[PDB]
Amino acid sequence: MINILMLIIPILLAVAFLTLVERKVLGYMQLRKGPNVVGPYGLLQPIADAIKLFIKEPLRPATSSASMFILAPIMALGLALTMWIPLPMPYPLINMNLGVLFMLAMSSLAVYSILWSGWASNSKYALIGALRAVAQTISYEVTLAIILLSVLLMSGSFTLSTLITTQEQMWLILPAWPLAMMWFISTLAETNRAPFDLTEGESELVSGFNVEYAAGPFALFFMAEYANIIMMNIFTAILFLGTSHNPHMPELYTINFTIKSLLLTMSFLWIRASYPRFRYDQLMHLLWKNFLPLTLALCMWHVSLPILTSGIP
Amino acid sequence: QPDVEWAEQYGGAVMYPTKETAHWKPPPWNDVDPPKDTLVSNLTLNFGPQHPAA
């Protein structure tokens with residue numbers, strides 16, 4: 001097998017080259033110059049951080065825990081980078097018997113990275129950032145499965161290969177008009193660089209899964225946390241975008257698929273700079289109280305539609 | 001005739017008394033006193049000193 005090794009090393013570079021965009025686009029959004037000194041346009045700085053944070057930075061926590069803690073950055077990468085495997089792409093690595101089920105299960109398993117980092121420090125200061133990270137993720141897992149079901153019943157089955165073929169004339173944004181707007185919010189269930197987000201950034205509280213971790217484990221967390229942002233951006237570009245298929249020419253698909261994802265890649269960092277944090281209590285009131293009755297009403301609506309007019313795979 | 005002295009033997013304890021253990025108390029008439037006591041559950045924080053971003 002060569003394909004897996006050709007989907008980790010160039011992918012870790014994409015999370016590395018993200019650091020440019022994380023302060024270049026975000027910089028111009030705030031009217032400030034980002035990467036400039038290090039490279040021609042600061043292009044040598046993202047690869048410099050790998051030399052900076054791993055080879056020279058040494059920390060291990062004080063009071064600590066036993067085997068757990070250092071188990072958590074292994075759980076961070078080894079569950080978020082595996083998410084690249086079930087992706088349909090032009091051609092998938094081992095096409096699943098049911099596609100999106102593996103995508104939804106491993107995403108919830110990726111939440112454990114911020115959960116086990118609560119017991120990284122035995123001291124109570126770190127676990128407050130963990131307990132906040134529970135509720136900021138636990139509620140949004142409800143709608144994430146429901147809004148999927150309304151799209152999946154509209155087009156094909158759980159298999160991700162069928163989701164490419166179903167969009168031949170028009171996108172799925174237009175039939176699922178309120179549901180597409182939900183997937184700019186529901187995608188930010190995992191601790192991502194955003195305005196909605198979770199307990200990961202500083203601002204008000206101490207940094208979750210970062211105050212306990214070093215540099216080396218803490219550096220490994222960013223290579224997983226920012227990796228999930230690309231993952232949700234690609235996953236939205238499958239469920240809601242498509243444009244064309246073309247099995248004969250893979251070259252025409254690969255260029256067209258990347259532009260659609262890159263426009264969404266900018267959009268989350270667009271969200272991050274623009275708006276403040278939603279608060280621990282009031283994020284639980286955005287969904288559950290307000291958005292859950294809306295999504296279920298649309299779920300009720302999407303059950304009737306294949307019966308009203310023929311729509312069965 | 002039966003008096004209060006005979007009635008005290010049939011009072012809430014152990015019916016037949018004795019036994020290795022007699023630590024049990026008669027039950028309160030309308031459930032137990034609040035065990036309001038024990039555990040304050042007050043969490044202390046050192047949020048300030050330096051760099052809380054706030």
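Heads up, residue numbers simply count up from 1 along the chain you see.
According to its header, the structure was obtained by electron microscopy, 4.3 Å.
Including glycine, each Cβ sits where the backbone N, Cα and C put it.
Annotated in Swiss-Prot:
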TRANSMEM  A:68-88  transmembrane segment
TRANSMEM  A:98-118  transmembrane segment
TRANSMEM  A:144-164  transmembrane segment
TRANSMEM  A:170-190  transmembrane segment
TRANSMEM  A:220-240  transmembrane segment
TRANSMEM  A:251-271  transmembrane segment
TRANSMEM  A:292-312  transmembrane segment
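Through the fold, the transmembrane segment (A:144-164) approaches residues 86-88, 92, 95-101, 103-104, 172, 175-176, 179, 182-183, 186, 189, 238-240, 242, 245, 295-296, 298-299, 301-303, 305-306, 311, 313 of its own chain, all at least 6 residues removed from its boundaries and within a Cβ separation under 8 Å. Here the transmembrane segment (A:68-88) does not touch the transmembrane segment (A:292-312). Their Cβ atoms form fewer than 3 pairs under 8 Å, with each pair 6 or more residues apart. Long-range neighbours of the transmembrane segment (A:98-118) within the same chain, counting only residues 6 or more positions beyond its ends whose Cβ lies under 8 Å from a Cβ of the stretch, are 68-69, 71-73, 75-76, 79-80, 82-83, 86, 88, 126-127, 129-131, 133-134, 137, 141, 144-145, 148, 152, 157-161, 163, 190-191, 198-200, 208-209, 212-213, 221, 224, 228, 235.
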